[PDB]
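Working notes for the structure below.
Lettering follows sequence order; numbering is per chain, from 1.
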Amino acid sequence: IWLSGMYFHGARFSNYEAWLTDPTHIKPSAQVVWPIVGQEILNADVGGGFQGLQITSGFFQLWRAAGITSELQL
Amino acid sequence: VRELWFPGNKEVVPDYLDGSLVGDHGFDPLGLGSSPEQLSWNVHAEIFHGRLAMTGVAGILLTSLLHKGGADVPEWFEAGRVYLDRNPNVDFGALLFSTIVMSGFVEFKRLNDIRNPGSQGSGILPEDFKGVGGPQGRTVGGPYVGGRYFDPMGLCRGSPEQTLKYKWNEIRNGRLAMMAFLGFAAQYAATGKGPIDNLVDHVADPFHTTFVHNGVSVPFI
Amino acid sequence: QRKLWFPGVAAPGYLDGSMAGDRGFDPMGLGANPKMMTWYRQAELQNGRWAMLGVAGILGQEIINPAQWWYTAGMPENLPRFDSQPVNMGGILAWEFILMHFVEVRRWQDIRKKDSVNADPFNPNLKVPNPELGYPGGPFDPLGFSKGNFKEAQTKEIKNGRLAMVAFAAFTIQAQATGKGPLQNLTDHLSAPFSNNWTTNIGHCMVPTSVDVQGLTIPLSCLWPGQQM
Amino acid sequence: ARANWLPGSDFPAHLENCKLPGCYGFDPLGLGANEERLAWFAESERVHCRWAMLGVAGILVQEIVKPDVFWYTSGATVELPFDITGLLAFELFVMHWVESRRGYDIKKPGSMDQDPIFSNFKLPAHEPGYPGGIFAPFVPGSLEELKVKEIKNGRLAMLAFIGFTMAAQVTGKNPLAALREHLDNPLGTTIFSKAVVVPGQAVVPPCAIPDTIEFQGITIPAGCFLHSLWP
Amino acid sequence: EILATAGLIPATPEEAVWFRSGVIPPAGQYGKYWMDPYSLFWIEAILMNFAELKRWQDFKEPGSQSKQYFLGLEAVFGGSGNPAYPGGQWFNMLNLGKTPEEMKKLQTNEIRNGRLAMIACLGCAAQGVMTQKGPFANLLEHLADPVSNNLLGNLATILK
Amino acid sequence: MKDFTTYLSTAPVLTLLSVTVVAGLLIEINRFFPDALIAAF
Amino acid sequence: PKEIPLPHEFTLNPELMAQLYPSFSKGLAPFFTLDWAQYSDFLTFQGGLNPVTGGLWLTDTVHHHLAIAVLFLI
Ligand code: CLA
Ligand code: CLA
Ligand SMILES: CC(/C=C/C=C(C)/C=C/[C@@]12O[C@]1(C)C[C@@H](O)CC2(C)C)=C\C=C\C=C(C)\C=C\C=C(C)\C=C\[C@@]12O[C@]1(C)C[C@@H](O)CC2(C)C
Ligand SMILES: CC1=C[C@H](O)CC(C)(C)[C@H]1/C=C/C(C)=C/C=C/C(C)=C/C=C/C=C(C)/C=C/C=C(C)/C=C/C1=C(C)C[C@H](O)CC1(C)C
Ligand SMILES: CC1=C[C@H](O)CC(C)(C)[C@H]1/C=C/C(C)=C/C=C/C(C)=C/C=C/C=C(C)/C=C/C=C(C)/C=C/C1=C(C)C[C@H](O)CC1(C)C
Ligand SMILES: CC1=C[C@H](O)CC(C)(C)[C@H]1/C=C/C(C)=C/C=C/C(C)=C/C=C/C=C(C)/C=C/C=C(C)/C=C/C1=C(C)C[C@H](O)CC1(C)C
Ligand SMILES: Oc1cc(O)cc(O)c1
């Protein structure tokens, strides 16, 4: 279930597709927060026209090594 | 004994479903009516849902037929918006409040009847609103309310065989109408057209007009 | 019974052999129910008699009017004219619907309760003596071809009806696959059987997708998904 | 009895020993299963029979005497000697009085049998739905056969009125006019000749009645009875 | 493939292969059916659901499947002691194998033929993946040159 | 069904459901009425 | 990334995969003939890291997984 959640978040709330085109400047992000009490500030400008929390789990690198490329595969 | 929702397999048939209830086929794999009071509540909910679904489906079908003929009758998925547009003097909140209040009055009458089977057949109401019972061996109240107002033609008054046949007709039609409303919602969400529209487009071209060609059920197709 | 449809098959218990044409068939068990067996027997008699009339009519019209194809003999432009009245398929359907409805309701009522509608609605004295279901007799048997061995004649009728049903299915498939009449198909096969058989004709639907009947479009289709000519 | 709506069938249990006139055992839905409901429906059927007979006779006579006036639109094209409002009010008042008396007589047999103005006059004892006395000063034959005749003629009149309204909505002509039109071409004037539905196409005859009619200063709907449901 | 190789059907031998009928769209598909394969699978799922579920219920309860009404067909669903051999009025129309010894012999024939067919199906799948052709084509090519056309000779080209 | 409803009535299940309902209500109150520093009536 | 062929186009097409790795034009024949050296293009033992991505050579990882798989199976 945890793995499914990781893949789903990387496929719907991430910038993996944009990160593939620029993996050295775009910071990986796979979490988006809702705007409720000013917490939307946590949605950093990671890059590629995306806003979210910077992740450090290394899932983007793993997926790239596996040749995921697209979000449909995730 | 009686026909089951799955020929053979008496293990899946629950013990509380002995066949006395109308429309009983031993269907309850999840055991949602294991408790007696829960079973009674579910019986009331099922008959109410069937009647409501039949009324809604009949209205939707008639409005769709009128819309196809050229009448100024909008579709079911847009009837509310259309009516609100042609009547700009009717506040939406006011209509919602009025609907909730009137429905609350009748629903509270029915609710008190559910709590006390024969408590609404007096006071500001005649004995006709007391109910005839049926489920769980009850002889008063329940979803089957006889009288001269909820049964003016007296179809359930006289010959128990006719009453049983009509009760089975009602429950079967209610279940069919519930499934029909579910299909209406799914078809509208997949194709974006009404029921009659889908039926005529399918009859005109049987193959190439199935759920696989709507682009929603089968995403890659 | 004695001889069955297949060598060594076990005839079902309910197929004793009393009924005409009983060859111990019924591999689906549709006759295990007595009431359903009676209804199916009535349906078999009706289908066999109608198939006999249809096959005889198709063959007769092909012999007398070979220029007209039985498959398309129903279009309004091919309907023979006997008077100056206009051609209206709806009007013709009205007569047939009313008369057929009346006669079929009478037969149905007889099936429900035997000898219940055996009397004339106007003259109670005039009665139809039907010894069994599907065999009214009386006015329906003016020549009196019964009286004698009734079971033998019944067997002949049921066998002829079954043969006619098979023949009608054959006529339909042959017309949809070749676009000709049964006699025409038989003649063509006798000329070049190696090149005019079911192997070459099958897979072709020689019938248009739809037909225009005085404005009304009737969707047409073969009995099997052919190549649409 | 031997007179059955379906020869060879069996009369329903509630319709057995049925003493009502014109009782041929027709009740597939069992609407007459209840005894009280059966009597109420009998009174309703008798009143419908008489009203339909009067209406059909009036429509036929109006068409014969005045063939240039459409019975369907006669409500708004006749030129009333009085006013529509006053006429409707007067009719409603008198109809309320007579209908209330009749309905109460059905609910309670001898409750509405005395003259309120002249105490000396009183309707003699009778059966529900058949007043008699001053209402039947001439009876040519036995009452039972005449009752059967009345019920049968009333049923035929109801069917005739429905046919009249449907023919007026489909053809826009009067009863005899539609009959003459059908006689000039029987194979082309039937409902099967104008309407037909098939899996893929449907032919629906156009409405011969205007969508709306203008009466006085307002507009009245008056269209077609479920045109979208027409074949 | 055999009928197409002889020209009996209007399909080329390379188009009549079993893995190109539409079962695997990537490997090829026949787009001339009366309706698309997905809807065909929908009908297939409903029909097979009915048949397989009734068979399973009979396996669980041998006496069932012949009690509930099923358009009159339930009269031939009584089965027998062995779930694999119902052979009633329909499953054993011709009444073949009247004696127990004859039935045992026929059952042995059925088991041996089925095992050979299982092995053959697996072989057909493997050959199709490694030769990209049909079973009949593989057999003919092997007959033409057996020393060259075989498993060892086809190792160089497996998906070409 | 009775046992299931009894399990749903246990202290942990009821505590989590009550906390979730209260948190959801507060979140929606702050979503529709945000930045409520004082009780301005 | 949107221009690279899909994974199945590489898994079931030895021609394209051969265009990327020429040793694949020989199929599985070298593996069964004990001439594994032919597979040295995609089964390397380089070392270090890929100068473009900064990670280990995927060919080296493939060779590593194959070797450990044989060892574990034995
Ligand atoms: C909300 C409508 C509703 C309700 C309240 C009931 C209630 C009842 N049904 Mg019934 N049924 C329904 C709809 C409903 N049914 C429909 C539409 C059909 C046609 C498929 C049937 C067919 C049916 C049969 C054949 C039988 C019953 C029977 C029963 C009784 C025993 C079952 C039980 O106790 O579980 C109670 C049921 C519920 C509490 C409903 C739970 C709904 C779940 C939680 C949601 C999931 C539904 C669906 C799979 C997801 C779609 C939702 C989404 C797409 C929006 C009971 C009183 C049995 C009986 O003895 O009759 C008296 C029986 O034999 N039902
Ligand atoms: C060569 C393979 C083979 C063999 C030897 C058998 C043998 C047997 N089967 Mg079996 N069967 C097979 C294939 C085979 N089957 C396949 C592929 C299926 C899947 C459809 C079945 C499904 C099946 C069922 C469901 C049942 C049997 C039963 C039986 C037993 C009954 C006796 C019998 O009919 O003999 C078999 C005779 C032959 C194999 C010779 C026929 C060979 C030709 C080519 C077949 C032509 C059939 C054709 C469609 C005929 C159509 C018209 C026809 C009705 C006149 C018997 C031991 C029944 C049983 O268990 O009895 C208690 C039973 O219940 N079979
Ligand atoms: C009430 C209902 C529909 C009513 C619709 C109405 C009023 C529509 C109203 C309007 O349209 C009009 C007229 C006009 C429009 O302009 C506006 C709206 C307002 C839209 C459908 C219910 C629909 C209800 C449905 C479909 C219920 C299905 C339940 C099922 C199948 C449950 C099965 C089982 O529960 C059992 C029985 C046993 C368990 O153990 C196992 C499982 C399997 C869980
Ligand atoms: C026995 C059994 C039992 C088991 O158990 C099971 C099973 C197997 C199911 C079984 C079997 C069955 C079968 C075989 C069936 C079949 C049938 C048929 C064929 C019918 C037809 C049937 C047929 C028919 C009626 C037909 C008829 C016909 C007709 C009228 C015709 C008409 C016509 C004509 C004149 C001419 C013109 O121009 C055209 C038309 C119009 C066209
Ligand atoms: C019995 C039963 C039982 C079972 O069980 C079931 C079922 C089936 C349901 C059933 C049946 C039913 C039915 C059929 C019904 C119907 C009825 C009708 C038709 C009525 C009418 C009815 C009808 C009617 C009254 C009518 C009337 C009419 C009228 C008055 C008219 C009038 C008029 C005139 C003069 C003239 C002017 O200018 C116009 C007007 C004004 C218009
Ligand atoms: C049940 C019943 C009962 C009643 O009563 C009677 C009756 C009717 C008789 C019945 C039925 C029966 C049946 C169905 C039968 C069928 C069978 C079959 C189909 C077999 C096959 C069977 C089949 C089989 C073995 C098959 C085999 C195969 C093979 C070897 C193959 C081989 C191969 C391969 C690998 C590949 C290569 O590249 C080529 C080749 C060389 C070609
Ligand atoms: O709907 C009604 C029934 C009844 O018996 C009397 C009445 O006046 C109205």
Quick check on B:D85: does its CG atom have over 12 non-hydrogen neighbours (other residues, nucleotides or ligands) under 6.0 Å away?
yes
Taking atom CH2 of B:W5 as the centre, does the number of heavy atoms from other residues, nucleotides or ligands within less than 6.0 Å exceed 12?
yes
Step through the shown structure and confirm whether more than 12 heavy atoms of other residues, nucleotides or ligands are within 6.0 Å of CH2 on E:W18.
yes
Give a yes or no on whether E:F41 atom CZ has more than 12 heavy-atom contacts from other residues, nucleotides or ligands under 6.0 Å away.
no
Please find out if less than 6.0 Å separates the ring center of E:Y38 from that of B:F220.
yes
Would you give the length of the straight line joining atom OG1 of B:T209 to atom CE of E:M35, rounded to the nearest 0.5 angstrom?
11.0 Å
Where B:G8 and E:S64 come nearest, the two heavy atoms and their spacing:
CA-CB, 3.6 Å
For B:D15, does the CG atom sit with more than 12 other heavy atoms under 6.0 Å from it, leaving out its own atoms?
no
Taking CD in E:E52 as the centre, count heavy atoms belonging to other residues, nucleotides or ligands within less than 6.0 Å. Is the count above 12?
yes
Enter the distance from E:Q68:CD to B:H25:NE2 here, rounded to the nearest 0.5 Å.
9.0 Å
Is the count of non-hydrogen atoms from other residues, nucleotides or ligands lying under 6.0 Å from B:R148 atom CZ greater than 12?
no
Separation between NZ of E:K60 and NZ of B:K10, rounded to the nearest 0.5 Å:
15.5 Å
Tell me the closest heavy-atom pair linking E:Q65 and B:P7, and the distance in Å.
NE2-O, 3.1 Å
Need one label for E:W42: side chain, backbone, both or neither, based on atoms under 4.5 Å from any heavy atom in chain B.
side chain
Taking the side chain as every heavy atom from C-beta outward, state whether E:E61 and B:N9 have any atom pair closer than 4.5 Å.
no
Within-4.5 Å side-chain heavy-atom neighbours: E:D36 and B:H208
no
E:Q57 side chain to B:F6 main-chain N or O, any donor-acceptor pair under 3.5 Å?
no
